[PDB]
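Q: Sequence order for the protein chains is D and P. Going by our numbering, the first sequence opens with residue 1, and the numbers climb by one from there. Going by our numbering, the second sequence opens with residue 1001, and the numbers climb by one from there. Take a look at the following structure, please.
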Amino acid sequence: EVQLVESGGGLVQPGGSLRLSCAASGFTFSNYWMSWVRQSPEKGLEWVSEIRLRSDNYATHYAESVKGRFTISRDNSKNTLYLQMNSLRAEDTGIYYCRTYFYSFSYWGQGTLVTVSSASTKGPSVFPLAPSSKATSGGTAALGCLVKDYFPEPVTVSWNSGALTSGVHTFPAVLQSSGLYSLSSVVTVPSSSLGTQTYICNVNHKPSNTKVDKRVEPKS
Amino acid sequence: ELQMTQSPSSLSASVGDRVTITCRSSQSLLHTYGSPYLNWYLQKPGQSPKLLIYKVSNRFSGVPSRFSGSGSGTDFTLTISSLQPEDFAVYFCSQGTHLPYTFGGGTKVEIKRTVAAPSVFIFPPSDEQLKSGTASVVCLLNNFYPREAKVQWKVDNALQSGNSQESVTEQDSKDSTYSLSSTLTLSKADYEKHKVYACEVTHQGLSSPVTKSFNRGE
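Structure, rendered in structure tokens:
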């Protein structure tokens, strides 16, 4: 099975630097062209660079937007691809996908997120969304977790250590009036189960290595 | 550069519809490096893009039979001959043979389904958040369709304007519905000040607008 595992992403200050890596496995790395593509909500998909074979004198190409600032390189002995990013700009922010070119099309990794911001990481407090009388329609209750003021993305939420999945809605983060992220996660359950089943949201914010488990209990 | 123009930017189609997505270049772009060998992709939210068609018209291994590509000269189309519920995604073309490589702006494909009225729930701010001096009020809209919905915050019957933010899930992979959060944020003070807290919901699936409310202090 073909795998491409990006690493090295994360939060960096404007004008600083970062080196991504891509650990390839499951094919003969040195036989294939390799590339980097990036993604943002604001510009879409943007090709970044490409490097070819040893027999091509390891020819490189770059989108104009990064030429002179980024360097693609490959270590055929370690099956690893690299992107060295210097003089980073706010506009370099996004998801960076490693890719391998199988002769007529690319296969893509799952990408790593690069945040170019003057902010320091910030881990969120977590508050309950208390199921209450009235706010619960026809035998079905709703309860949730509110994850306020964190930076950067992402945060993840599971319920009861992943044993509660059915009826879970975890919303996209919103960027607040402050430069910070907020996200809510909610779940619908049987009203009758509110006294007998305990409900806990498991919140993880890896950029700050915050890990919170918050009991949500009906108001009293 | 060899840039493709992808159209439309979005569309809603019912299960079973024929869907058609186009990428175009100019009579100039075509003289510069020929009729090119476009690939077509889809992307589910939070996932890497997946190959559907390579070299214009070759369905990729494992790709279901309803997907097909064709195209001549300037105009390339991706066709879905009978849309299925798992097919909501952003679809895009890739021009990956002529440097510099580029991508189409993409087509957001939504599944059209019967109207569904949201259920609605309201949550007061926790004790923990008041200790810290902010007060978040949250109104939930669950499992409704279409996406378009009006949520109005009313505090002591006074409509609020610019202190609300909404978040909306992607189309649900199980029933094609949306859910929606609206979060009204106010200082601990503004909150202790007033007493009745309400969000009023208006959706195509509701005969009349639904109001969920609470009074501060149980």
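Ideal Cβ placement from N, Cα and C applies to all residues, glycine included.
Can you look up D:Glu6 in the DSSP assignment and give me helix, strand or coil?
A: Strand, per DSSP.
Q: With H, G and I counted as helix, E and B as strand and the rest as coil, what does DSSP make of D:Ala63?
A: Note: D:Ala63 maps to coil in three-state DSSP.
Q: Looking at C-alpha atoms only, which residue of D:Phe171, D:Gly94, D:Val147, D:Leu194 is the closest neighbour of D:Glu42?
A: Considering only alpha carbons, the answer is D:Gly94.
Q: Is DSSP giving D:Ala163 helix, strand or coil here?
A: Here D:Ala163 sits in coil by DSSP.
Q: Evaluate the contact criterion for the stretch 1079–1094 of chain P versus the stretch 207–218 of chain D: three or more CB pairs, one atom per stretch, below 8 Å.
A: Touching, no.
Q: Would you report the Cα separation of P:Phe1076 and D:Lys134, rounded to the nearest angstrom?
A: Cα to Cα, P:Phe1076 sits roughly 54 Å from D:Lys134.
Q: Could you give the residue range of the beta strand (DSSP E) that holds D:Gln84?
A: Element bounds for D:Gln84: 80–85.
Q: Taking DSSP as the reference, what is the three-state secondary structure of P:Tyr1037?
A: Coil, per DSSP.
Q: In whole angstroms, what separates the C-alpha of D:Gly109 from that of P:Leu1130?
A: Using only the alpha carbons, I get a separation of about 43 Å.
Q: In terms of residues, what are the limits of the alpha helix (DSSP H) holding P:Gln1129?
A: Its alpha helix (DSSP H) spans residues 1127–1132.
Q: Return the chain-ordered list of same chain residues with a C-beta closer than 7 Å to the C-beta of D:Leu175, the five sequence neighbours on each side being excluded.
A: The residues are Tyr181.
Q: How about D:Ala130 and P:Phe1123: do their beta carbons lie closer than 8 Å?
A: In contact: D:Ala130 and P:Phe1123 (Cβ atoms closer than 8 Å).
Q: Assess contact between the stretch 183–195 of chain D and the stretch 136–145 of chain D, defined as three or more Cβ pairs (one per stretch) separated by less than 8 Å. Is contact present?
A: A contact exists between the stretch 183–195 of chain D and the stretch 136–145 of chain D.
Q: Run the CB neighbour count on P:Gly1073, radius 10 Å, all protein chains shown included, and call it buried at 16 or more, exposed below.
A: Exposed: under 16 other Cβ atoms inside 10 Å.
Q: With a threshold of 16 other CB atoms inside 10 Å of the CB of D:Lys67, please say whether the residue is buried or exposed.
A: With fewer than 16 other Cβ atoms within 10 Å, it is exposed.
Q: Given that a residue counts as buried once 16 or more other Cβ atoms are within 10 Å of its Cβ, and exposed if not, what is P:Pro1209?
A: It counts as exposed.
Q: Our contact map puts D:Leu88 next to D:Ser166 with C-beta atoms below 8 Å; I'd like the distance itself, whole angstroms only.
A: Contact flag wrong, Cβ pair sits at about 42 Å.
Q: So for D:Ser125, helix, strand or coil by DSSP?
A: Of the three classes helix, strand and coil, the one that applies to D:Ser125 here is strand, per DSSP.
Q: Compute the beta-carbon to beta-carbon distance between D:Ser106 and P:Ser1119, rounded to the nearest angstrom, for a pair I have assumed lies under 8 Å.
A: With a Cβ gap of about 43 Å, D:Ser106 and P:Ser1119 do not count as contacting.
Q: Give me the residue from P:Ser1176, P:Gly1104, P:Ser1207 with the minimum Cα distance to P:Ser1012.
A: Comparing Cα positions, the closest option is P:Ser1176.
Q: How far does the beta strand (DSSP E) with D:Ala142 in it extend, from its first residue to its last?
A: Counting along the chain, the beta strand (DSSP E) containing D:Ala142 begins and ends at 140–150.
Q: Using a Cβ distance threshold of 8 Å, determine whether the stretch 1154–1166 of chain P contacts the stretch 1185–1201 of chain P, with at least three qualifying pairs required.
A: The answer is yes - the stretch 1185–1201 of chain P touches the stretch 1154–1166 of chain P, with three or more Cβ pairs under 8 Å.
Q: Just to confirm, is the Cβ distance from residue 944 of chain P to P:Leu1002 under 8 Å?
A: No answer is possible for residue 944 of chain P: the residues shown for chain P start at 1001 and end at 1218.
Q: Nearest to D:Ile200 by alpha carbon, out of D:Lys206, D:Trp159, D:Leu81, D:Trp47?
A: When each option's Cα is compared against that of D:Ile200, the closest is D:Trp159.
Q: Run down chain D in chain order and give the residues with a C-beta less than 7 Å from the C-beta of P:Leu1099.
A: Here the neighbours are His61.
Q: Can you name the residues of chain P whose CB is closer than 7 Å to the CB of D:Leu146?
A: Simply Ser1136, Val1138.
Q: Measure the CB-CB distance between P:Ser1181 and P:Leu1206 and report whether it falls below 8 Å.
A: Taking 8 Å as the Cβ cut-off, P:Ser1181 and P:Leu1206 do not qualify as a contacting pair.
Q: So, at 7 Å on beta carbons, what are the nonlocal neighbours of P:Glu1192 in its own chain, with the 5 sequence-adjacent residues on each side left out?
A: Taken in chain order, the list of residues that qualify is empty.
Q: So the alpha helix (DSSP H) P:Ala1189 belongs to, where does it begin and stop?
A: Taken as a continuous stretch (DSSP letters only), the alpha helix (DSSP H) holding P:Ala1189 covers 1188–1193.
Q: For P:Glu1128 and chain D, any beta-carbon pair shorter than 8 Å?
A: Output row for P:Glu1128: interface = yes.
Q: Mark D:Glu91 as exposed unless 16 or more other C-beta atoms lie within 10 angstroms of its C-beta, in which case mark it buried.
A: Under this definition D:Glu91 is an exposed residue.
Q: Using the C-alpha atoms, what's the distance from D:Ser35 back to D:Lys78?
A: The alpha-carbon atoms of D:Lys78 and D:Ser35 are separated by roughly 16 Å.
Q: Using a C-beta to C-beta distance shorter than 8 Å, which residues of chain P count as neighbours of D:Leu11?
A: Simply none; closest approach about 19 Å.
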